[PDB]
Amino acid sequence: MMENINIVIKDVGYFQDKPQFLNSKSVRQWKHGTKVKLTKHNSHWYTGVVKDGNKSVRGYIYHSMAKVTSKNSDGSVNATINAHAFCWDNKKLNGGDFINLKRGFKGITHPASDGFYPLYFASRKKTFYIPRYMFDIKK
């Protein structure tokens, strides 16, 4: 009756509709190496705009997922996406103890009705949590 799930962390950076990992939707999940234009938003986040049809839509991406290669006169930057995910030691998904999970990280979790997928790390004596949108389940 108890079940395990094999997961693989996605090969993407997360361009979210808000500068937060909790209660945000992906505007883009940009493949590792995608080239983009961004503006620094705060100490930890970039923002930018993309087109969904005729509409300009704003997103936010965490600073470690964007490598700045050049600076534009208007204060924007040209950047390459560095794909990785996170797990957190609590369900706020914001600071505290968090681990950078490498793109393609292979893990095991369990069905989570609340969408906070538990990761038990042997070397740690603590549960970390990863949201559904940061991984795939292999078919």
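Numbering starts at 1 and follows the sequence shown.
Higher mean CA B-factor, judged across 108-116 and 36-44 from the recorded values: 108-116. The PDB entry reports B-factors from which the mean C-alpha value can be compared for 130-138 and 1-9; the larger average falls on 1-9. Ranking 54, 80, 70, 64 by Cα temperature factor from the entry places 54 first. Among 92, 84, 58, 28, the highest C-alpha B-factor in the deposited entry belongs to 92. Sort the chain's modelled residues by C-alpha temperature factor and residue 123 lands in the highest third, per the entry.
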